[PDB]
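What follows is the residue order along each chain.
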Amino acid sequence: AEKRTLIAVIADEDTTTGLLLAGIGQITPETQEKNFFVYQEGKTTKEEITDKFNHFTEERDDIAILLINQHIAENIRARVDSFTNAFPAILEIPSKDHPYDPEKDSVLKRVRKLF
Amino acid sequence: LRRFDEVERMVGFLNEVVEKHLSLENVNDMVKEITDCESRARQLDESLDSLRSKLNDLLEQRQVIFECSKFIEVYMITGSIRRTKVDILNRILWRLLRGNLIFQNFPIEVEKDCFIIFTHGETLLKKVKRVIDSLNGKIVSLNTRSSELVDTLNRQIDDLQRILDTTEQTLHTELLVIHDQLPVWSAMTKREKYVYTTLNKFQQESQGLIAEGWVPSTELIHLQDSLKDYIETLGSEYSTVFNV
Amino acid sequence: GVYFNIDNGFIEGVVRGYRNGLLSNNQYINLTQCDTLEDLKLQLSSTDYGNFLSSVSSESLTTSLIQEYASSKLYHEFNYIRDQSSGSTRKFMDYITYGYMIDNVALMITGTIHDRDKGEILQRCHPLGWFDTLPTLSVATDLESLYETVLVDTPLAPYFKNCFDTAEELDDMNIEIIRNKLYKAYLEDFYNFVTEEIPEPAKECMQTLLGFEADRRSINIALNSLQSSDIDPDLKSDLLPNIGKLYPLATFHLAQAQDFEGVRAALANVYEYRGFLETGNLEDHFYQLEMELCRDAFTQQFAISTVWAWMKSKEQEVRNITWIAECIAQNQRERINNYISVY
Amino acid sequence: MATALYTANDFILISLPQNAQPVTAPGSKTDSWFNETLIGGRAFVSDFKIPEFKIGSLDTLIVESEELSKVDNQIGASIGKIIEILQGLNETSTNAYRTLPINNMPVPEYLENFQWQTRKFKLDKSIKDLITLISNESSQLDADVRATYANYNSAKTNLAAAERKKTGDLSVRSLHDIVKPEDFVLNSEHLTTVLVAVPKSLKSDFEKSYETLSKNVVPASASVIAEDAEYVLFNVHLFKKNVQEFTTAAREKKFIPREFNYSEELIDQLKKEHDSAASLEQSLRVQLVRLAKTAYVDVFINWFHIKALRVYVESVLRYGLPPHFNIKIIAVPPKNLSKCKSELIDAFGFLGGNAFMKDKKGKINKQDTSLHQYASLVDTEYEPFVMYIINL
Amino acid sequence: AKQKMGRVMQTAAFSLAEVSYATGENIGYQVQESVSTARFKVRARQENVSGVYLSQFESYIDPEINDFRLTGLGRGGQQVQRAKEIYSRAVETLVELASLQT
């Protein structure tokens, strides 16, 4: 039952802002920290994504779905794959400026061996 | 054409370094000696300016010892700073430590400046350093002597000045074969890019270019007598077609 | 046209030369046939844009860098025309940039409520609306300490005449109110400047180009107030400009417009704006009417309204090139011919 | 003066070394000077001395100063918000809360009996937990005032809405003040009631036309159930099928239908809504005044403690010795603030050091410039001896 | 579904990006701070499929926010508004599809 209500994001600027207009993530008022992480490609470090991921999965116990741009999941690949829980669900979506590759998607990788 | 844009940029870099101190095979082997010399000139210039900066980082450290042993001979922090940030560092440290400081400055003779702080107390000593290191001030802590570090630092100033005198001699040796050769390497590219820019203006229809363009009527027979003699004198039996 | 070319002889003939670089319909069809952003760069290189993306070289070329550099050369051409201006012309050029200064003020004081960094909320600012104390709007939160510290020495200072600061500092709801009210007072002042000192052929065709800005801003304020605003009409009527074709009878009905039909029945009584709210993209209707009003401002010769009619047409050209380069980079071509070309 | 109005007692807090001497009057003690010399002898000087607490270290001394500056602001923000509210309502003087009695003792006298007051605060607690403790109490008291004031505005909104239904104007007015069974039908299989809001001119036109306007309308159903001042309200009885046809035909005539239909539970629930709104606002208002005075006296005591602590702590940091520092708080008469600030600056400033000494004397209260206003925080200028100017 | 979500999300992405550039300044930083509540949340329910208990998500759309103070600016504001509407419609579908993922 209910224990998770937010949908969070790790995505590039135009992708993140748009998700917010649609009305899915928010910033907590008590901690002063976002439940989205903005990213810009080549410009913002691989390390910061890795922390923010930990903030969202393990320190937030209220994130229901963690959405993540495929290009971005590919930078911190170990971190996305190694988390096998559905709590949060990890949903890799094709990153802006890139098509759908079925093997930049962590759940599908796992699916292939043993049906 | 992007090739002879890149090679034009490389000839421009060779023209900046000196100011700072044909068949297809005959172009293809001279672009090789443009690139093979641009590579060594760029790496030797980048191993020279980044070494001049390391030289000035020691000549600024000698002076902040010479101008702060003199201040003692006439909880303190000694370092270098750019001269345009001395007043703002004075104001930020005066607003951080409410009073509680004796701030001097002595000009090192980009222009720079020295500073002495005398942080009278504790618990802000790692916070003054977050003011100094934020606006690019290089503190020089000595803690041993003002006469033992000067010897170990003058044993590096001259040891690195000799590396300057080696690499800059190699630079001026390399520029002798280039300064008398740049009017050939430049004038090759200025007309080769001009050839390919004009060859972009042609048709490329059926494995043969179609050149449509204007010529005065006096020079029609000159084209029909110079193009006809030239395609026959070199062999290559595939004649051109000149229509009006 | 007898005293125009004393101070404005060289200024017009270069702007008239800048007009000839406006892309025609065939030069837009030749851009819609491109397959790559590199092919679109090489197609623009044969126009009067030639080699403006030369320092990019096919790797870092995105559809936003084209919109950056194509508008940057617009801004440098505007600065070249403004540097040769003197007297009433230079003041007319300053009054154009005041409306971009207002947008940069309203974009700079929203980047401090959200605590976004000051170095990245200024690269999104407009280069023509630059005043020397524009980065120093990141010093306070409330309106009074941003006026009385920064915005007194700016030329936007007479425009803070109705912005009532009730000591509530700033949310995102009242910065839009301050923006609309500054633009309202600015449209009033620049209409009175055009009516006062600008000569007669460049007066009647500039009052229409400026009353259109007022009418478009009135319709956008009265239509964006449905979704993200719950305000009284007596406080809404301080946001609508009173210079336009739409003021004395229709902005009253746009002030008490509580529904979409309160806007639509108000704009059905005005003759040239009826049918905009029925079918099609409304923003395309306003941009099309803007270009049809800027086209017949080049047809009057000895007029300083040709500068306004040039820079708005060149901004629409940069918007059309940006829309095409957005279509040919994201591989969507269902609405590539949605550009606007009257030239 | 005339660049600022004062009409209530103003305070400057000074702390000085107990070995000090004024150079504006050499041959005087600091204590003797305050009473006799300072602003024409009309200065009232009050005791404000507090003793030693427990200091962590020298190291700790630094951390404490920083916090003290911050908590002092924050409490200052809170006390200003409480006063602004009490003033705003005008159910308590607007002309006090600058020299309004704390613990029912005049404010310069309150400071005179202020020697480090005890409410929950003792001299045998550590200084770090007194800085923390105090701030937590101040923030709780203010957050309470903010919530009750928040509630009082939501209550005002509800009372206006409910009132409008009870008699306003017909564009949201819902009826429950008329409850007659002769003006409405209920327990009915074929009939319903539609209320029509009609302009006063048009009343005659409505009376003629209604029966024939829709088909199947109860005749002699026109009664004026209610009237405002712009509109007239009628009840019409008609067929459920035919209600659609009446609303539509009526609009063409320039009548405005008000969709209401008689049910007992709606009528009762409209009267209750109005009743609960009134009761909620009235309870909230009394609670709001009582709470704000009680919270105000506690925050006043809290704030002055941070000012006392702070001035002592800052003295200890800048001067070191003597271990006990001579703190006095001087209550200045209105309009003699400018003269006070200058005489102390001249006299004591020399002790802080010549580097420390800047001239930017004067005061601008208008927003024309931001120079001429002392505070150690800014790099623009600095106080030249431990001096805080307190303006209630 | 992954292809579906990516294409629809990106179309709306491109529309917002053009809008940002035309309006002047990087609007998106401003919007992120200002937003501090969410419309689309989920309430989780257990569904027994194939003798195992799974977690499922059911979306509820809260009307806390529907317009901000950045979707109104005047003329520039009308553009953000047209963008916002494509993004809300596109995203809501994406949330429902995301439910199968968990």
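For this entry, the PDB record names cryo-EM as the structure determination method and reports a resolution of 8.7 Å.

Caption draft 1: Seen up close, the overall build of chain B. The secondary structure content of chain B amounts to nine helices and four strands. For 244 residues, the compact-globule formula gives about 18 Å, and the C-alpha radius of gyration of chain B, at 32 Å, lies well above that figure. Reported as C-alpha extents along the three principal axes, the dimensions of chain B are approximately 95 × 40 × 30 Å.

Caption draft 2: Highlighting the overall build of chain D. Along the backbone of chain D there are eight helices and eight strands. Compactness check: chain D gives a C-alpha radius of gyration of 34 Å against a globular reference of 21 Å for 392 residues, more than 25% above the reference. Along the first, second and third principal axes, the C-alpha set of chain D runs to 105 × 45 × 35 Å. Pairs at least 24 apart in sequence give 76% of the contacts found in chain D among residues at least 6 apart.

Caption draft 3: Spotlight on the interface of chain A and chain E. With 17 residues of chain A in contact, the opposing surface of chain E contributes 17 residues. For the side of chain A that touches chain E, the residue count by class is eight nonpolar, six polar and three charged.

Caption draft 4: Representation of the sheet that holds strand β4 (residues 138-139) of chain B in the model. Strand order in the open sheet made by the four strands is β2-β3-β1-β4 (chain B), with antiparallel pairing throughout. Only two strands of the sheet have a single partner each, and these edge strands are β2 (104-107) and β4 of chain B.

Caption draft 5: Inspection of the UniProt feature "coiled-coil region" in chain B at higher detail. Residues and elements named next belong to chain B. When the UniProt feature table is mapped to this numbering, "coiled-coil region" covers residues 24-65 and 125-175. Counted over residues 24-65, helix gives 98% and strand 0%. Its end C-alpha atoms are 62 Å apart. In residues 125-175, helix accounts for 67% and strand for 4%; the two terminal C-alpha atoms are 51 Å from one another.

Caption draft 6: Examining the sheet that holds strand β8 (residues 387-390) of chain D more closely. All names here are of chain D. Strand order in the open sheet formed by four strands is β2-β7-β1-β8, with antiparallel pairing between adjacent strands. Single-partner strands in this sheet number two, and they are β2 (44-47) and β8. Adjacent strand axes in the sheet meet at a mean angle of 25°, parallel and antiparallel pairs treated alike. Two elements, β2 and strand β7 (residues 326-332), share four bridges in a ladder whose sense is antiparallel. Opposite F44, over in β7, you have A331 as the bridge partner.

Caption draft 7: Broad picture of the domain arrangement of chain D. All names here are of chain D. Examined at the domain level, chain D breaks down into domain 1 (5-49 + 323-392), domain 2 (50-171 + 262-322) and domain 3 (172-261). The centre of domain 1, based on its C-alpha atoms, is set 28 Å off from the matching centre of domain 2. Contacts between the two partners involve twelve residues from domain 1 and, on the opposite side, 13 residues from domain 2. In terms of residue class, the side of domain 1 that touches domain 2 is made up of six nonpolar, four polar and two charged.

Caption draft 8: Seen up close, the packing of helix α4 (residues 127-166) of chain D against helix α7 (residues 264-319) of chain D. Residue and element names in this part refer to chain D. Direction vectors running N to C along α4 and α7 enclose 155°, while the axes themselves pass 8 Å from each other. Taken together, the axes of α4 and α7 are roughly antiparallel relative to one another. Taken as a pair, α4 and α7 cross one another with a handedness that is left-handed. On the side of α4, the interface is formed by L141, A155, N158, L159 and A162, while α7 contributes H274, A277, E281 and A295. Tallied by class, residues from the contact of α4 with α7 come to six nonpolar, two polar and one charged.

Caption draft 9: Up close: the pairing of strand β3 (residues 63-69) of chain A. Residue and element names in this part refer to chain A. The pairing of strand β1 (residues 6-12) with β3 spans five bridges and is parallel. Bridging from a neighbouring strand, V9 pairs with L67 of β3. Pairing between β3 and strand β4 (residues 89-93): five bridges, direction parallel. Counted as the bridge partner of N69 is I93 from β4.

Caption draft 10: Structural view of the arrangement of the chains. Spatially, chain B is disjoint from chain C: no contact exists, and the shortest C-alpha separation is 9 Å. At no point do chain D and chain E touch; the closest pair of C-alpha atoms across them sits 17 Å apart.

Caption draft 11: Representation of the interface of chain C and chain E in the model. Counting residues at the interface gives 17 residues for chain C and 16 residues for chain E. In terms of residues, the side of chain C that touches chain E owes the most to one element, helix α7 (residues 172-197) of chain C, which gives four residues. Split by residue class, the side of chain C that touches chain E holds four nonpolar, seven polar and six charged.

Caption draft 12: Just the environment of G23 of chain A, in detail. Within the secondary structure, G23 of chain A sits in the loop between α1 (13-21) and β2 (36-39). Residues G23 of chain A and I7 of chain A, spaced 16 residues apart in sequence, show a C-alpha to C-alpha distance of 9.5 Å. Among all residues touching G23 of chain A, those that are not within four sequence positions of it are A38, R39 and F40 of chain E.

Caption draft 13: Fine view of unusual backbone geometry. A cis amide bond, omega -5°, links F87 of chain A with the succeeding residue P88 of chain A. Position of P88 of chain A relative to the elements: it lies in the loop between α4 (77-82) and β4. Of note, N103 of chain D is a non-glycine position whose phi angle comes to about 60°, a positive value. With respect to the element layout, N103 of chain D can be found in the loop between α2 (58-89) and α3 (107-112).

Rules used throughout
- Residues numbered from 1 in each chain as written, not as in the entry; some residues may be left out.
- Chains lettered and ligands numbered in written order.
- Part of a larger assembly, values for the part shown.
- Heavy atoms only, no water.
- Residues with missing side-chain atoms left out of burial classes, pairs and counts.
- Helix = DSSP H or I, 4+ residues; strand = E, 2+ residues; numbered from the N terminus.
- Rg over C-alpha atoms; globule rule 2.2 N^0.38 Å.
- Contact = heavy atoms within 4.5 Å.
- Nonpolar A, V, L, I, M, F, W, Y, C, P; charged D, E, K, R; others polar.
- Pairing = 2+ DSSP bridges.
- UniProt positions renumbered as here; feature names shortened; annotations may be inferred.
- Axes fitted to C-alpha atoms, helices over the stretch in contact; angles between N-to-C directions.
- Domains from an automatic or database assignment.
- Parallel < 35°, antiparallel > 145°, perpendicular 65-115°, else oblique.
- Left-handed = near helix turned anticlockwise from the far one by under 90°.

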